[PDB]
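*Asks:* Partial complex here, more coming in a sec:
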Amino acid sequence: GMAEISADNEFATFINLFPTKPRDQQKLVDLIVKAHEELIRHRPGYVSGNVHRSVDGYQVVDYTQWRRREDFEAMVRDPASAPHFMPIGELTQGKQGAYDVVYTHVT
């Protein structure tokens, strides 16, 4: 019932790092959660979205899973995405990237 991290790399994984400032951080979080609620979760190939707020106030991290990297990229290229992503770029210079999960262990 929850997003799961596993090194089979069945999914593509993006870790988007949005550096911020403490006074902007919650506004940035709210915008990202709105995008997920209203746009991102409905994209073809979407698997999961997981928004993390740094306790020190300087960073937001969006951990998102997709069937293929192309599904995330298609979303970013879609002009329909601009109403949701434009205010985010007003607050932060997001650093987006795909990752391989090369090691996962749980107790």
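*Replies:* Noted; the coordinates are in hand. Numbering: from 1, shown residues only, chains lettered A, B, ... in the order given.

*Asks:* who's in contact with the residue most central in space within chain A?
*Replies:* Centroid-nearest residue in chain A: residue A:62, 3.2 Å away (criterion: CA atoms, centre = their mean). Residues touching residue A:62, when contacts are defined by CB atoms under 8 Å, 6 or more residues apart in numbering, comprise A:14-16, A:18, A:32, A:49-52. In this view, the C-beta of every residue, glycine as well, is placed from N, C-alpha and C.

*Asks:* now the residues you listed in CSV, with neighbour count and distance to residue A:70?
*Replies:* Conversion of these to CSV gives the following (neighbours: other CB atoms under 10 Å; distance: CB to CB, whole Å):
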residue, neighbour count, distance to residue A:70
A:14, 20, 12
A:15, 15, 17
A:16, 19, 16
A:18, 24, 22
A:32, 26, 22
A:49, 20, 17
A:50, 14, 20
A:51, 18, 22
A:52, 13, 24
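
*Asks:* got those residues as a markdown table, with distance to residue A:40 columns?
*Replies:* Rendered in a markdown table, the data for the contacts of residue A:62 read as follows (distance: CB to CB, whole Å):
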| residue | distance to residue A:40 |
| --- | --- |
| A:14 | 11 |
| A:15 | 15 |
| A:16 | 11 |
| A:18 | 14 |
| A:32 | 9 |
| A:49 | 6 |
| A:50 | 11 |
| A:51 | 10 |
| A:52 | 15 |
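
*Asks:* now for chain B, put it on the one above:
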Amino acid sequence: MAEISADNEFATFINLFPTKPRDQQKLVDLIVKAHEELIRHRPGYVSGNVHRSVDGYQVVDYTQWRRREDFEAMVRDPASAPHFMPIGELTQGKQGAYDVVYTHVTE
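*Replies:* That brings us to chain B, laid onto the chains above:
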């Protein structure tokens, strides 16, 4: 498997290790070795999840703990230095604790 929960049952660290393509696999190898030989045996350890950016410029460790204090205790322990010193030779890690504020997954 490691699960992302908006209940924040566990503490979450997202440790960011900037690097460069020629160093990245050596860094990954040293981080995974530390996980298998040291981190996973620490009190309070819940999970370790090492991610290698496809572009060669970053390694991200998503690790879960009983309490933030358990991770901090490991970092402060001089017994960790043989595993962690070679990593610091490759990268200036930016580590920090996070709150999971939003999670969603397809069914």
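
*Asks:* quick one on the thing from earlier: so when I look at the residue nearest to the centre of chain A, I'm seeing a strand, right?
*Replies:* Yes. When the secondary structure is assigned by DSSP: H, G, I helix; E, B strand; the rest coil, residue A:62 falls within a strand.

*Asks:* who in chain A is up against chain B?
*Replies:* Counting by CB under 8 Å from any CB of the partner chain, chain A comes close to chain B at A:1-6, A:13, A:15, A:17, A:29, A:32-33, A:36-37, A:41, A:46-56, A:59, A:61, A:63, A:97-107.

*Asks:* Give the buried subset of those as a PyMOL selection command.
*Replies:* The buried subset of the residues of chain A next to chain B, as determined by 16 or more other CB atoms under 10 Å in any protein chain shown, is captured in PyMOL by this line:
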select buried, chain A and resi 3+4+5+13+15+17+29+32+33+36+41+46+47+48+49+50+51+52+53+54+59+61+63+97+98+99+101+102+103+104+105+106
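
*Asks:* So which of the residues of chain A next to chain B are in helices?
*Replies:* Secondary structure defined by DSSP state H assigns A:29, A:32-33, A:36-37 of the residues of chain A next to chain B to helices.
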